[PDB]
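# Structural overview for review
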Amino acid sequence: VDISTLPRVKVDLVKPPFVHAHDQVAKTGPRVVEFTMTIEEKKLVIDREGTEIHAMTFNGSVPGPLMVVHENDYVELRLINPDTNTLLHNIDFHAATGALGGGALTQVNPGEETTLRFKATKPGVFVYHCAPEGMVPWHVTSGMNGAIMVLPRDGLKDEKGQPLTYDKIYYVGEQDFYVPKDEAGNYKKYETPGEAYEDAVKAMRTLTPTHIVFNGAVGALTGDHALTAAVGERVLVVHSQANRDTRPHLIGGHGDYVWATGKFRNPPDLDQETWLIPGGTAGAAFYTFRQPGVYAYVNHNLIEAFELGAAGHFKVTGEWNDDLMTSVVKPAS
Amino acid sequence: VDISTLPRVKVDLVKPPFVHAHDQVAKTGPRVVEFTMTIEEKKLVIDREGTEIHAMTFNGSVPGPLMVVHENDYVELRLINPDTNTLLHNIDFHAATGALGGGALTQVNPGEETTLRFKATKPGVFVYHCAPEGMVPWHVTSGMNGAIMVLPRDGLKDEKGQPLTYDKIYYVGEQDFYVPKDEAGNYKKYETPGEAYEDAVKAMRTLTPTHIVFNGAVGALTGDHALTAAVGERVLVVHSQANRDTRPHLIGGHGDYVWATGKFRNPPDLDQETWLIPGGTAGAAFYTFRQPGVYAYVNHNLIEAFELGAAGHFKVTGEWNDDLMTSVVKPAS
Amino acid sequence: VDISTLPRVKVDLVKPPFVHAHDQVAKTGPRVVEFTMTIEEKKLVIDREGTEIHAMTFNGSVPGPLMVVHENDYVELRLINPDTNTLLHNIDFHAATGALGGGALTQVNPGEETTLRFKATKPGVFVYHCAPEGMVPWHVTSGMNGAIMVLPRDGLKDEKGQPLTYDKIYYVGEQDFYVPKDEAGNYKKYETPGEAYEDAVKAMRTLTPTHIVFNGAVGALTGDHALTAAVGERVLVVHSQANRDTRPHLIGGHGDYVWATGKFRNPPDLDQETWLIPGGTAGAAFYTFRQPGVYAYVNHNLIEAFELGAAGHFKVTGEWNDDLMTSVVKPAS
Ligand SMILES: O=N[O-]
Ligand SMILES: O=N[O-]
Ligand SMILES: O=N[O-]
Ligand SMILES: O=N[O-]
Ligand SMILES: O=N[O-]
Ligand SMILES: O=N[O-]
Ligand SMILES: [Cu+2]
Ligand SMILES: [Cu+2]
Ligand SMILES: [Cu+2]
Ligand SMILES: [Cu+2]
Ligand SMILES: [Cu+2]
Ligand SMILES: [Cu+2]
């Protein structure tokens, strides 16, 4: 096919956990879907203590933004590395086929840009991440990863083939950071990326994250930035982990339909309490809220959640159902 | 519905790995199933060396007892915190919907009790655990977790829809403990829970358990407390891990039908050697014994099994089948 | 049945990642398939730094060779422990039923041999490993493990029941090593296995591998030993991990059909980016190559891959498909 005969549509990305507008069921034929991302190296404060790291981001955020297309669309990404950055970067899409997912074709020094196109031949949610030869885990674990959703052209389906339609979607990127520590246990600090590199490698080789966070920082998805829903709303939560296993859980709810390893041609697992998303994968869980109030959304290694950062909240509006749950006798002497 | 018109049935719980009597296929309509548990803080010796910790238990055991109901029964739990304990506790049921699984409604100080009711709307095995705000992983990793089984009303089914009926059931709770160590590697000791709390947090943050045990101690499911079966018996083994991934394996056998993430509306995985139960989940495996003798049941990280404690035994009675396995030439020079 | 009336066929094993010749669809009735393996304790250099360990092998390699039979064949293994070795060894087959998978029947001191027979009643890929009572994880994590494939008699099938036929097969064994370190972090060295045993236990109990490798060493499946394929070829990659979870990923490709936990009576998962093989399991992924060039095949904990060793390469010959992926604008200022 002459790709030049296909429609082009430009997407304007939004910062996680929000997701750019899209259609679940494709309203057109295949398209070339145009995306632009600008790499930004920046300092980020990642915990309540004020620990500041040198993050490596797509489009200024950890995680990078969720891209959404349909199966057999073409993804055309303009990737820009401004001259205000100092490192070489590239991009690997787990959704794509060939050239290490794109990384072999997209190496950009500061002051360069490139445009990659690939055909999104398989439906699912997938990780994308930077992957410069010889420095791959350093870039990934500095925050340089996100996800892409390739929807089936007729939207999502349950285990019986009937439609599943979400009302809201959120993207939770989970990031393991490896902040080097001195022998006494305090975080070190570094003056340039090259001076940091050996201690960053040492820190990674412990296989023990110092921080595990949603949306780039402890508490990022709490307070005025809590996720929201109403009773009766159908919510899809896309969750990615580019480097390390996680086990999401909605405290007070379930995954009614879960694609734990993210690929929509498979039937979903039903009624999950907790699911395993392997490192290097994106997964997706669908839930219909039945009760209002505060929910926590966590990695259910509870140490990882409550001590290292992998916990967010939902605030859910609506009526309380006492048939489903009630306090018969409130706590009393 | 007026819940007061439904039958009430009181269950009398038993200590793991045994399970209270129940019916696989429901012999009545929906019921309110009444349970009582009394929290007990107590010292427990957890290894052969004599290491003693301050455990936090439901009903005196690690794990807490397995509760069994049917789908769309109501679970009504009286939770008692006697004044001989010193901490605040609560309970979260992964089977329940709303109020953080019940934890928001069940906070009991020493000398208090409460009664929670919830509708068991989804079939499967599920974790329950204590979860006091701000202290969640400490209570869970002190032993304060168990499981609940919500059976389909017509019992279990295989991947084709035909019945699966167990003859025996056992509940294996697997517990990761994080006993603080000094710099030389010896376990520390503490005089009150408050004086222990910071070192307990430090220990948990290593993400490296010091002990990983079945039924509360190294060797608990061996010797006179080995699990038992006969050749030809169908056995269901429910396995939970409230905080950390595990990978069960029956050495010398299989999981003929496994719900690795524990939810019975899904077809089971067949013929598993080993399966992954993610932290925060209960799973269930069904096996029909074909050979007598000693079996080991383990977490198949063999370091976790044989060096840190995650190993039990079955002793199986009956006839040996030389067609299935035989020594053709016994070991000889 | 009188097993003596069945055909016997002797297999001549090959060194991983290659696999002995076999038929996917069984061309005969059930057989006794005869295998011989000779245990070899030997020094192995496992990284680019020259770190040398005392490995424990089946047939001289880490992993041991892949054995291939069909469902309801009998596996008859002659296991030889020459008097040039110094330890006791045995073998456990996860494919077998009874006697701890065979280990209770196959204990061989140096200078002894034994012959075990078992019926391969369940189709799938399975781990085998040494397991001497009281020393199990030491032998396994010294390299003493491999895998066996039990094919369905009518070969592999997709999720719809139609045939899947591979053109090439490779066996990737992934090995976690725990090389003891001194306080400063250098690898220690030991003069006899008995003098090494306590520090080996200490090292294992950290649960932190020092090395995680494919085919026995960093870089083993690269360069002149890269895996190979052509565009359009169907390749099955069998992957095992006898002790620790892994998450394989083909960088630039997919698992078109994956049995993550390795058991062929289950439908495969489709279109996987990454999959979890639990410790103690073998898995298998089927892929049809669509693009030429270099691919990396990794454990997608990228620290484990690129810093600790769990990375290999494919070199794929053929035509480039610019519809599937192209550089629209090559990197430029
Ligand atoms: O289910 N909450 O930890
Ligand atoms: O990959 N399916 O969940
Ligand atoms: O399969 N036993 O370690
Ligand atoms: O959740 N099903 O195994
Ligand atoms: O997908 N590569 O790291
Ligand atoms: O065990 N089935 O992938
Ligand atoms: Cu980068
Ligand atoms: Cu990747
Ligand atoms: Cu508690
Ligand atoms: Cu929980
Ligand atoms: Cu051995
Ligand atoms: Cu084993």
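Residues numbered from 1 in each chain as written, not as in the entry; some residues may be left out. Chains lettered and ligands numbered in written order. Heavy atoms only, no water.

Its PDB header attributes the entry to X-ray crystallography and lists the resolution as 1.0800 Å.

Under the PDB entry, the name given to chain A is Copper-containing nitrite reductase, and the organism recorded is Achromobacter cycloclastes. Within the UniProt record for chain A, the comment given under Pathway is "Nitrogen metabolism; nitrate reduction (denitrification); dinitrogen from nitrate: step 2/4." (UniProt positions renumbered as here; feature names shortened; annotations may be inferred.)

Counting its regular elements, chain A contains three helices and 22 strands. Rg of the C-alpha trace for chain A: 20 Å, near the compact-globule value of 20 Å for 333 residues, within the 12% margin. Here chain A holds 333 residues, and 64% of them are scored as buried. For chain A, restricting intrachain contacts to residue pairs at least 6 apart in sequence, the fraction spanning at least 24 positions comes to 75%. On chain A, roughly 11,800 Å² of surface is accessible, and the fraction owed to carbon and sulfur atoms is 49%. Side chains of chain A carry 29 positive and 41 negative charges; the gap between the two charge centres is 3 Å. (Helix = DSSP H or I, 4+ residues; strand = E, 2+ residues; numbered from the N terminus. Rg over C-alpha atoms; globule rule 2.2 N^0.38 Å. Buried < 20%, exposed > 50% of the residue type's maximum accessible area, 1.4 Å probe, protein only. Contact = heavy atoms within 4.5 Å. Areas by Shrake-Rupley, 256 points an atom, 1.4 Å probe, with all protein chains shown as cover. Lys, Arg positive; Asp, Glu negative; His and termini not counted. Charge placed at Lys NZ, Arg CZ, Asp CG, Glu CD.)

All names here are of chain B. Within the protein, the copper ion (ligand 9) binds to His89 (ND1), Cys130 (SG), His139 (ND1) and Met144 (SD); these donor distances fall in the range 2.1 to 2.5 Å. Considering all four donor atoms around the copper ion (ligand 9), angles at the metal cover 84 to 129 degrees and the coordination shape is irregular. All donor residues of the copper ion (ligand 9) come from one chain, and their arrangement in sequence is H-x40-C-x8-H-x4-M. Of this pair, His89 sits in the loop between β5 (74-81) and β6 (92-93) while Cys130 sits in the loop between β8 (124-129) and α1 (136-140), and the two are 41 residues apart along the sequence. Here the two residues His89 and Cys130 agree in accessibility, since each one is buried. (Donors = N, O, S within 2.8 Å, 3.2 Å for Na, K, Ca; no water. Tetrahedral: all angles 85-135°; square planar, octahedral: opposite > 155°, others 65-115°.)

Residues and elements named next belong to chain A. The residues that UniProt annotates with the feature "binding site: Cu cation 1" are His89, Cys130, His139 and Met144. Across 56 residues of sequence, these annotated residues stay compact in space, with a maximum C-alpha separation of 9.3 Å. Once residues lying within four places of it in the same chain are set aside, the contact partners of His89 are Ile39, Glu41, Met56, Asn81, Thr106, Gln107, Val108, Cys130, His139 and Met144. A relative accessible area of 0% means that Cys130 is categorised as buried. If sequence neighbours within four positions are ignored, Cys130 has contacts with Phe58, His89, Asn90, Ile91, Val136, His139, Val140 and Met144.

Turning to the relation of the copies chain A and chain C, a few remarks are in order. The transformation that overlays chain A on chain C combines an axial shift of 0.0 Å with a rotation of 120 degrees, and the residual RMSD is 0.0 Å. Overall, the copies show the geometry of a three-fold rotation axis. Little of the interface of chain A is mirrored in chain C, where only 2% of its interface residues are also at the interface. (Least-squares fit on C-alpha atoms.)

To continue, consider the interface of chain A and chain C. With 56 residues of chain A at the contact, the number on the chain C side is 46 residues. Across the interface of chain A and chain C, roughly 4,000 Å² is buried in total on both sides, 54% from carbon and sulfur atoms. Together, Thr97, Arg205 and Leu207 of chain A form the three largest contributors to the area buried by chain A at its contact with chain C, with a combined 17%. Taken together, the links from chain A to chain C amount to six salt bridges. Among the ionic pairs, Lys119 of chain A bridges to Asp323 of chain C, the shortest N-O distance being 3.2 Å. Our enumeration of links across chain A and chain C arrives at 26 residue pairs in polar contact. (Buried area = accessible area lost by both parts, 1.4 Å probe. Salt bridge = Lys/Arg side-chain N within 4 Å of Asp/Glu carboxyl O. Polar contact = N/O pair within 3.5 Å; in protein donor to acceptor, adjacent residues only side chain to side chain.)

Further remarks concern the environment of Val108 of chain B. Residue and element names in this part refer to chain B. One can find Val108 in the loop between β6 and β7 (112-119). On the basis of relative accessibility, which here comes to 0%, the residue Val108 falls in the buried class. As for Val108 and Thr5, which are separated by 103 residues in sequence, their C-alpha atoms are 29 Å apart.

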